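One structure is given here, and the rest of the page talks about it.
Throughout, protein chains are lettered first and strands after them, A, B, ... in sequence-line order, and every chain is numbered starting at 1. Side chains included, hydrogens not; waters and symmetry mates left out as well; all remaining heavy atoms used.
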2 protein chains.
Amino acid sequence: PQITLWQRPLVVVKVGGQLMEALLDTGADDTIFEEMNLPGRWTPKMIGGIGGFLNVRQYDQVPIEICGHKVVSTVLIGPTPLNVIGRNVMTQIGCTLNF
Amino acid sequence: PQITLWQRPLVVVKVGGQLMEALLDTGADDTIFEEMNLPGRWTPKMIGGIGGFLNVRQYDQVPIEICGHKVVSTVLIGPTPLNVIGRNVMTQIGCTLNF
Ligand SMILES: CC(C)CN(C[C@@H](O)[C@H](Cc1ccccc1)NC(=O)O[C@H]1CO[C@H]2OCC[C@H]21)S(=O)(=O)c1ccc(N)cc1
């Protein structure tokens with residue numbers, strides 16, 4: 001559906017077997033969540049934004065469930081003060097900006 | 001106009017009599033640009049980003065032109081790696097998420 005921006009655009013997500021809230025975030029190329037146990041192998045990744053940079057772990061082809069949409073996506077795990085749904089996932093649910 | 005998210009949602013902005021590019025950023029509460037001279041008084045502000053917390057100058061009631069739209073908004077100046085158009089500006093121009 002359509003979402004205004006008077007409040008933060010938080011949505012409920014399931015990943016991979018856990019429930020989280022995350023921010024629909026058009027300024028993020030990538031999807032990043034707080035420390036949680038994703039299963040399997042990961043590759044080290046550094047990313048930077050406002051206030052500096054973190055070391056994150058990149059998990060590929062992680063099932064994510066967002067609203068009614070199931071997708072399989074790359075997911076970074078590392079310190080973020082908020083879970084963020086990035087363009088890599090939003091494109092897959094057909095999310096656009098409009099004004 | 002509708003904007004897909006296959007690419008970063010950059011827009012051209014006029015702010016403080018200067019032209020720049022910025023990201024339409026639904027994950028940002030506030031609007032923040034790289035160091036530039038905005039005229040007048042300002043307040044020190046803490047933000048925290050992915051890597052934050054950090055030191056920024058808050059300028060109130062700054063003229064901003066984006067996509068035809070002229071708004072007057074709070075604008076933060078500080079060492080961000082991309083200029084960011086936050087929800088405080090996006091709501092004024094009527095920007096929504098859709099899917
Ligand atoms: C700064 C952007 C260019 C990129 N950021 C996404 C952005 O939407 C963050 C996303 C974000 C949101 C909250 C907390 C941490 C990160 N928002 C943000 O920094 O907003 C700040 C300005 O307004 C305030 O509102 C919230 C924080 C403040 S980011 O989280 O740092 C980021 C950086 C690198 C990658 N690869 C992916 C994401």
Side-chain angles (χ1 to χ4, degrees), chain A residues 1-11 13 21-35 45-56 66-71 73 76-99, chain B residues 1-11 21-35 45-56 65-71 73 76-99:
Chain A
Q2 194 164 250
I3 306 165
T4 62
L5 299 164
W6 299 93
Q7 301 288 319
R8 292 182 170 171
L10 292 171
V11 294
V13 314
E21 291 184 77
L23 189 67
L24 292 173
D25 189 350
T26 59
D29 301 337
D30 305 312
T31 288
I32 181 163
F33 293 85
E34 299 190 294
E35 188 62 42
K45 175 145 166 144
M46 213 144 171
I47 63 170
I50 276 170
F53 45 84
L54 327 145
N55 287 249
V56 311
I66 177 180
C67 312
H69 303 63
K70 280 198 195 66
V71 299
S73 302
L76 309 177
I77 302 291
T80 173
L82 215 66
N83 308 317
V84 156
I85 303 297
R87 295 187 297 99
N88 71 306
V89 160
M90 288 187 283
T91 55
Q92 295 296 143
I93 71 182
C95 201
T96 59
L97 279 161
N98 305 84
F99 66 100
Chain B
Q2 184 160 73
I3 308 185
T4 67
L5 292 165
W6 298 98
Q7 288 272 62
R8 287 172 165 163
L10 293 181
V11 291
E21 288 183 27
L23 202 67
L24 293 168
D25 187 356
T26 59
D29 299 343
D30 312 305
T31 290
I32 178 155
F33 290 83
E34 267 183 351
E35 178 66 53
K45 199 183 157 59
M46 181 176 94
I47 67 170
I50 214 68
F53 290 75
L54 156 87
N55 304 266
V56 310
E65 311 187 7
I66 304 168
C67 311
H69 295 72
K70 287 162 185 60
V71 300
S73 299
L76 308 181
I77 306 293
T80 178
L82 295 188
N83 303 325
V84 150
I85 304 299
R87 294 187 296 105
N88 71 308
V89 161
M90 285 189 280
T91 56
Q92 295 306 121
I93 61 166
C95 208
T96 56
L97 284 161
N98 272 67
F99 68 100

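When A/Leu23, A/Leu24, A/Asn88, A/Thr4 are compared by the number of non-hydrogen pairs under 4.5 Å with chain B, A/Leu24 comes out ahead. Of the listed residues (B/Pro9, B/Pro1, B/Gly49, B/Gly94), the greatest number of heavy-atom pairs within a distance under 4.5 Å of chain A belongs to B/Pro1. Interface check for chain B: of the options A/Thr26, A/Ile93, A/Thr80, the most heavy-atom pairs under 4.5 Å are formed by A/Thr26.
For A/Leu82, no part sits under 4.5 Å from any heavy atom of chain B, backbone or side chain. When heavy atoms are compared at a cutoff of 4.5 Å, B/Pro81 approaches chain A solely by way of its side chain, counted from C-beta outward. For A/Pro79, the part lying under 4.5 angstrom from a heavy atom of chain B is the backbone only. Neither the backbone nor the side chain of B/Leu10 has a heavy atom closer than 4.5 Å to any heavy atom of chain A.
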Walk me through whether B/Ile50 and A/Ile50 qualify under side-chain contact (heavy atoms from CB on, under 4.5 Å).
CA-CA 6 Å; B/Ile50 214 68; A/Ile50 276 170; over 6 Å; no
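Minimum heavy-atom separation, B/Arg87 to A/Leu5: NH1-O, 2.8 Å. Here the closest non-hydrogen pair linking B/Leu97 and A/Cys95 is CD2-SG, 3.8 Å. Closest of all the heavy-atom pairs between A/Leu54 and B/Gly51 is CD2-CA, 4.2 Å.
The number of heavy-atom neighbours closer than 6.0 Å to CZ of B/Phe99, taken from other residues, nucleotides and ligands shown, is above 12. By the neighbour-count criterion of 12 heavy atoms within 6.0 Å, atom CE of A/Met46 is densely surrounded, having more than that number from other residues, nucleotides or ligands. Within 6.0 Å of CD in A/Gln7 there are 12 or fewer heavy atoms belonging to other residues, nucleotides or ligands. Few gaps surround CD on A/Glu35; more than 12 heavy atoms of other groups in view lie less than 6.0 Å from it.
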